[PDB]
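Residue numbers (PDB author numbering), protein chains in the order written: chain C, 22 to 125, 137 to 416, 424 to 560; chain K, 6 to 167; chain D, 8 to 488; chain G, 255 to 285.
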Ligand SMILES: Nc1ncnc2c1ncn2[C@@H]1O[C@H](COP(=O)(O)OP(=O)(O)O)[C@@H](O)[C@H]1O
Ligand SMILES: Nc1ncnc2c1ncn2[C@@H]1O[C@H](COP(=O)(O)OP(=O)(O)O)[C@@H](O)[C@H]1O
Ligand SMILES: [Mg+2]
Ligand SMILES: [Mg+2]
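1. Which residues of chain C have a Cβ atom closer than 7 angstroms to the Cβ of residue 110 (chain K), listed in chain order?
2. Answer with yes or no whether the minimum CB distance from residue 270 (chain G) to chain D is below 8 angstroms.
3. At which residue ranges does the segment 279 to 346 of chain D contain complete alpha helix (DSSP H) runs of 4 or more residues, listed in the order of the chain?
4. Using the Cα positions of residue 413 (chain D) and residue 361 (chain D), report the straight-line distance between them to the nearest angstrom.
5. For ligand 3, which residues have a Cβ under 6 angstroms from at least one heavy atom, in chain order?
6. Residues of the segment 522 to 541 of chain C with a CB closer than 8 angstroms to any CB of chain K: list them in chain order, please.
7. Could you say which of C:32, C:380, C:52 lies nearest to residue 44 (chain C) if we only look at CA atoms?
8. Name the chain C residues that come within less than 7 angstroms of residue 284 (chain G), Cβ to Cβ?
9. Looking only at its chain, what residues have a beta carbon closer than 6 angstroms to the beta carbon of residue 326 (chain D), apart from the 5 residues adjacent to it on each side?
10. Confirm the yes/no value for this check: CB of residue 174 (chain D), any heavy atom of ligand 4, distance under 7 angstroms.
11. I'd like to know whether the C-beta atoms of residue 53 (chain K) and residue 24 (chain K) end up nearer to each other than 8 angstroms.
12. The alpha helix (DSSP H) that contains residue 97 (chain C), what's its start and end?
13. Give me the chain D residues within the contact set of residue 145 (chain C), using Cβ-Cβ distance strictly less than 7 angstroms, ordered along the chain.
14. With which residues is residue 80 (chain C) paired in a DSSP beta bridge?
15. If I'm right that residue 74 (chain D) touches residue 52 (chain C) with Cβ under 8 angstroms, what's the distance once you round it to whole angstroms?
16. Quick one: what's got a C-beta closer than 8 angstroms to residue 293 (chain D)'s C-beta in the same chain, skipping five residues either side?
17. If you compare alpha carbons, which of D:443, D:324, D:278, D:399 is closest to residue 368 (chain D)?
18. Would you say the beta carbon of residue 194 (chain D) comes nearer than 7 angstroms to a heavy atom of ligand 4?
19. Examine chain D for any beta-carbon lying closer than 8 angstroms to the beta-carbon of residue 118 (chain C), and answer yes or no.
20. Three or more beta-carbon pairs under 8 angstroms between the segment 487 to 505 of chain C and the segment 372 to 389 of chain C, yes or no?
21. Flag residue 306 (chain D) as yes when its Cβ comes closer than 7 angstroms to any non-hydrogen atom of ligand 5, and as no otherwise.
22. Determine the direct distance from the alpha carbon of residue 280 (chain D) to that of residue 85 (chain K), and round the result to whole angstroms.
23. Going by DSSP, what residue range makes up the alpha helix (DSSP H) through residue 280 (chain G)?
24. Using Cβ-Cβ distances below 8 angstroms, what residues of the segment 69 to 84 of chain K are close to chain C?
25. Return the bridge partner residues of residue 173 (chain D) from the DSSP annotation.
26. Is it buried or exposed for residue 358 (chain D), if we count other Cβ within 10 angstroms and need 16 for buried?
27. To the nearest angstrom, report how far apart residue 250 (chain D) and residue 307 (chain D) are at their CA atoms.
28. Give a single yes or no on whether residue 169 (chain D) has its beta carbon closer than 7 angstroms to a heavy atom of ligand 4.
29. Can residue 375 (chain C) be considered in contact with ligand 1, in the sense that its beta carbon sits closer than 7 angstroms to one or more heavy atoms?
30. Do residue 200 (chain C) and residue 174 (chain C) have their C-beta atoms within less than 8 angstroms of each other?
31. State the Cα-Cα distance for the pair residue 325 (chain C) and residue 269 (chain C), rounded to the nearest angstrom.
32. Would residue 93 (chain D) and residue 203 (chain D) qualify as a contact pair, given that the criterion is a beta-carbon distance under 8 angstroms?
33. Can the beta-carbon of residue 303 (chain D) be found less than 8 angstroms from the beta-carbon of residue 135 (chain D)?
34. Taking just the CA atoms, how far does residue 236 (chain D) sit from residue 64 (chain K)?
35. Whole angstroms are fine: how far does the CA of residue 22 (chain D) sit from the CA of residue 300 (chain D)?
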């Protein structure tokens with residue numbers, strides 16, 4: 022960073038916070054600016070200004086070289102807000118909130145105002161998480177803020193990380209103008225968890241279209257506080273230059289705890305659960321910078337996926353209730369559904385998307401509009424077998440998945456259940472039915488194929504379906520052949536075995552087959 | 006004629022300068038970078054601009070010096086159609102879908118070609134010719150040479166496989 | 008007096024800023040422009056809230072306090088924060104200060120009024136007890152909104168407050184000879200765009216011609232000083248149309264909790280000790296001075312719909328609980344009602360209206376409306392018995408009450424015209440005469456043979472019998488197959 | 255009924271401790 026004037030000396034330190042005494046003359050540093058403390062003649066230590074007291078004293082939040090900071094050291098000022106390295110060159114790398122790269137480009141302001149009323153536009157472009165549960169019932173649009181809430185070990189990170197991994201299959205094929213560049217912010221997490229996500233992103237080719245913001249638990253509260261702000265700054269570059277972006281904050285709960293530490297240590301009056309007055313304002317100005325811009329300013333986007341940990345399914349906590357009131361609905365992950373079997377454990381009743389219908393694709397809007405009617409009647413009738428009861432139960436079996444599904448492979452398996460192709464098929468054999476639909480194909484296997492274009496091995500039909508939809512004169516008759524061949528052959532040849540196999544070493548072989556089918560969609 | 010965006014501000018209809026940028030294309034990912042730069046300077050893509058982009062997707066190789074994994078000129082092409090139809094609200098003319106038919110026969114993906122001639126015959130009528138026989142040639146080429154489809158589908162194994 | 012009186016910034020702790028004046032401090036609520044240059048893109052304006060001594064005064068920032076050095080030059084404006092008023096404001100969008108934020112040239116103003124006006128006296132008050140037909144079944148029947156009424160929509164996060172305000176703008180604010188004002192108090196900036204566009208499409212706001220709406224937005228992105236004061240800015244504009252022009256006017260505050268919450272931020276930094284549940288000690292007084300200005304005077308008539316956020320679904324919380332006393336029609340939205348399938352999610356037992364009275368509304372309106380409330384009260388008692396004992400264990404007459412009461416809960420639901428995207432069905436404006444007659448017949452038992460799901464998510468009786476005909480025909484086909 | 259009433263009574267007392275610790279931790283910040 023760029024020094025200018027020697028504003029004062031270091032007076033007191035209290036871990037990662039300090040206060041200064043002004044130098045002779047009393048220059049007075051500007052508010053919210055970076056200041057460099059001379060720890061040695063050669064080295065500096067950055068810090069942010071948080072309090073400008075009447076005395077002339079200046080409150081500092083320490084950032085770098087905290088062990089090397091001492092009382093009586095000289096303090097140089099920048100007279101500027103925090104700028105960081107941003108661009109396409111930062112992708113595929115791990116970086117601090119201050120901008121330094123972690124071993125394993138024009139700048140932009142971290143403290144920036146959000147787009148105003150006429151700057152934004154209604155969210156129309158879809159953002160595929162790659163989950164049949166989410167993309168139908170709780171659909172995320174580009175520029176939307178969709179919360180992820182739930183307990184520890186409910187799949188909050190995995191559903192956020194797999195959403196970034198789901199973009200690679202599209203991003204590779206599509207024009208780079210419409211590619212979803214991701215920004216995973218890791219606030220207060222364990223260090224090895226960031227390494228495992230780095231390897232997991234690298235193995236699925238995600239690092240090409242992703243940059244990892246990182247402020248681990250070892251690193252101070254100053255960095256954790258500022259980490260989501262640095263994450264959005266990197267996304268806003270793509271937004272303001274007419275491209276679409278994704279921002280995951282994992283998680284805002286640990287950011288708030290870091291901000292509470294800073295506020296309490298600098299004698300800011302605490303309120304509810306010991307947090308300061310402006311802990312709502314902390315998350316509000318962060319999440320509002322995520323938006324969908326107008327045609328007049330490129331039509332770019334920053335989609336936000338803030339994660340917020342709840343303690344024993346308690347939504348009444350102050351930090352959780354704040355973030356719910358800011359975001360455009362949530363994706364609630366229930367602990368009982370996780371242990372029960374459903375993974376991802378998406379509680380559809382508790383979850384909600386405030387801009388769902390307009391966000392979805394034309395094809396996905398066709399099937400999903402009916403699913404709301406079926407699952408509404410299924411949930412009611414389950415408490416108190425109809426056609427809704429049969430077809431409703433199969434949807435629940437289909438929603439279970441480990442890795443994210445491709446848009447073609449998802450929508451066809453849901454369309455089958457909608458029109459009632461899995462009615463004669465039992466509930467336990469839905470994943471075996473879905474596996475044989477996607478990877479294999481029964482019409483081409485046995486004999487009775489004779490489709491001119493529509494097959495499941497041809498992955499390129501994905502984008503034709505998105506244009507025309509399934510309910511359309513081009514694909515309707517050709518699709519209903521594929522499914523009729525698949526059902527009749529599966530019921531006759533494949534499901535006949537299950538009435539038979541009632542012996543040791545065949546019942547176990549059936550189980551191990553069906554359990555592996557839950558993973559691959 | 007004059008035009009206004011969704012709010013009612015003035016919009017730059019001057020398309021022709023940005024068209025000649027797309028003609029100097031070389032690799033087709035550069036065309037998208039231009040399409041970004043028009044929107045940034047309050048100039049929405051014209052119906053002719055999309056067709057000029059579609060031309061560049063057909064002619065050039067893919068990304069740049071290096072190849073990307075799973076390139077698919079068709080998938081990049083069909084995404085651009087989805088953008089103009091649904092979001093920007095523009096019906097693609099006869100020129101639009103003719104560029105799509107060319108890429109099916111050029112790359113050899115005949116199965117797509119069968120689906121899109123059905124589309125071209127029903128939606129935008131035009132003249133369903135020249136490429137229909139070239140597409141049907143590639144269909145017979147797969148049959149006579151060896152076999153159609155891949156070998157994972159043919160297998161006939163069944164039972165407890167994977 | 009005190010017009011361009013110079014001062015210097017004594018202390019800066021967040022949005023709260025102290026200012027030292029050499030020739031004495033200005034009055035309270037006095038706006039101050041920060042003249043000093045800095046590296047700013049946007050200006051800074053401070054409003055004095057407290058006095059510390061004769062020469063020092065504590066303030067709150069309307070914009071961010073970034074780059075603000077100590078001893079920075081500050082100058083007074085003349086009085087309070089001034090906001091433009093009159094018919095030149097109609098069609099335009101504004102911020103807390105009154106600057107146009109829509110990029111459509113300079114406003115025509117010709118007069119400006121201060122944000123902090125005093126509330127009307129007892130002599131200025133007047134009651135005009137007429138029913139404002141909202142076209143919504145649960146509201147018009149059970150808790151009818153009156154003309155001149157202050158109305159509040161209480162509910163937790165994601166229950167249908169913003170949806171109900173939008174439906175009321177469709178149902179009532181369009182066919183209205185008066186103007187309207189929308190206080191976007193600390194809510195989503197993205198929701199503000201959709202309102203601006205949908206009003207431009209429907210031509211309540213018109214660029215080329217006549218406009219009948221004003222927008223004043225102080226959203227979540229803005230600091231607490233703006234979000235606190237932005238409710239009053241909109242109220243000043245509505246006060247001009249009320250007092251000066253002498254007119255019936257609508258006000259729309261989404262959300263009034265965000266006013267109280269914004270004051271809760273500054274109040275901590277100002278050095279006040281917090282009261283119950285960490286709110287400011289002046290919580291009742293803050294709402295007092297704001298809500299009392301919103302009233303029907305002898306000169307004109309404000310008719311304010313407000314949204315009220317119930318934090319953590321805790322209705323006993325001070326922020327809603329204090330607000331309830333001020334309102335004429337209290338609308339309470341419940342989460343369990345929303346999740347069960349009934350939209351709008353109005354829990355009619357916790358709701359109330361002042362004009363629910365045989366004198367104001369008709370005798371047939373009151374008697375039918377009371378029977379719905381009575382039947383639903385019996386139904387909640389019977390619902391606990393069926394869970395324990397069973398449906399078969401109930402009496403012969405009580406079974407028929409359950410069949411009617413189940414239909415009453417379903418018939419209270421309504422597909423909204425703004426919520427066509429959500430429901431996937433066209434909207435229904437249900438007339439007051441239709442609402443009273445259809446519910447009256449259901450209580451009599453004229454529609455006992457009509458099935459239950461016919462009543463779910465429809466308008467009046469014609470749409471019920473239409474859906475029942477479609478259910479009879481489709482059930483006849485599936486039975487034949 | 256016994257065990258839920260005890261939890262109501264624990265929550266009543268734990269609430270008032272936590273209420274007052276926050277309220278008086280405020281004025282320790284204010285001196
Ligand atoms: N859909 C899923 N199916 C199976 N296992 C999952 C799924 N999602 C997450 N997990 C597993 O659960 C564990 C916790 O997941 P994580 O996403 O870290 O949850 P949290 O963020 O709540 O800690 C991980 O070991 C992960 O492999
Ligand atoms: N009348 C209604 N019809 C359909 N959906 C509704 C209705 N009212 C509320 N909702 C649902 O509630 C969600 C958010 O409601 P909203 O009013 O925006 O939140 P809040 O109550 O916090 O203002 C929407 O996603 C929508 O599905
Ligand atoms: Mg996690
Ligand atoms: Mg709302």
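The beta-carbon is built from N, C-alpha and C at its ideal position, and this holds for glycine as well.
Straight from the coordinates:
1. Neighbours of residue 110 (chain K) in chain C, taken as residues whose beta carbon is under 7 angstroms from its own, are absent, since the nearest beta carbon is some 14 angstroms off.
2. No, residue 270 (chain G) lies away from the interface with chain D (no Cβ there is under 8 angstroms from its Cβ).
3. Taking only runs of at least 4 residues, the alpha helix (DSSP H) segments lying wholly in the segment 279 to 346 of chain D are 290 to 298, 325 to 331.
4. Straight-line Cα distance between these residues: approximately 27 angstroms.
5. Here the residues come out as C:188, C:189, C:282.
6. So the close ones are 532, 533, 536.
7. Closest option to residue 44 (chain C), Cα to Cα, is C:32.
8. Within chain C, 301 have C-beta atoms less than 7 angstroms from the C-beta of residue 284 (chain G), given in sequence order.
9. Excluding the 5 residues flanking it on each side, residue 326 (chain D) has same chain C-beta neighbours closer than 6 angstroms at 264, 267, in chain order.
10. Outside the cutoff, so no.
11. Yes; because the gap between Cβ atoms is below 8 angstroms, this pair is in contact.
12. Boundaries for residue 97 (chain C): no alpha helix (DSSP H) harbours it, while the beta strand (DSSP E) harbouring it runs 95 to 98, taken from the DSSP string.
13. Here the neighbours are 228.
14. BP columns for residue 80 (chain C) point to C:40, C:72.
15. That pair is a contact at about 6 angstroms.
16. For residue 293 (chain D), same chain residues with a beta-carbon under 8 angstroms away, outside a window of 5 residues either side, are 266, 267, 270, 287 in chain order.
17. Selected option, being the one with the closest Cα: D:443.
18. Within the cutoff, so yes.
19. Cβ-Cβ to chain D under 8 angstroms: no for residue 118 (chain C).
20. They do not touch, by the three-pair rule.
21. By its list of ligands, the structure shown excludes ligand 5, since it contains just ligand 1, ligand 2, ligand 3 and ligand 4.
22. Residue 85 (chain K) and residue 280 (chain D): Cα-Cα distance of roughly 59 angstroms.
23. Run containing residue 280 (chain G): 256 to 283, per the alpha helix (DSSP H) assignment.
24. So the close ones are 73, 74, 75, 76, 77, 79, 80, 81, 83, 84.
25. According to DSSP, which records beta bridges pairwise, residue 173 (chain D) is partnered with nothing at all.
26. Answer is buried; the Cβ neighbour count reaches 16.
27. Going by C-alpha positions, residue 250 (chain D) is about 6 angstroms away from residue 307 (chain D).
28. Distances from the CB of residue 169 (chain D) to the heavy atoms of ligand 4 include at least one below 7 angstroms.
29. Proximity of the beta carbon of residue 375 (chain C) to ligand 1 is indicated: a heavy atom of the ligand is located closer than 7 angstroms.
30. Not in contact: residue 200 (chain C) and residue 174 (chain C) (Cβ atoms no closer than 8 angstroms).
31. One Cα belongs to residue 325 (chain C), the other to residue 269 (chain C), and the distance between them is close to 12 angstroms.
32. Contact: no.
33. Their beta carbons are under 8 angstroms apart, which means residue 303 (chain D) touches residue 135 (chain D) by this criterion.
34. Taking the straight line from one Cα to the other gives about 60 angstroms.
35. Rounded to the nearest angstrom, the two C-alpha atoms are 27 angstroms apart.
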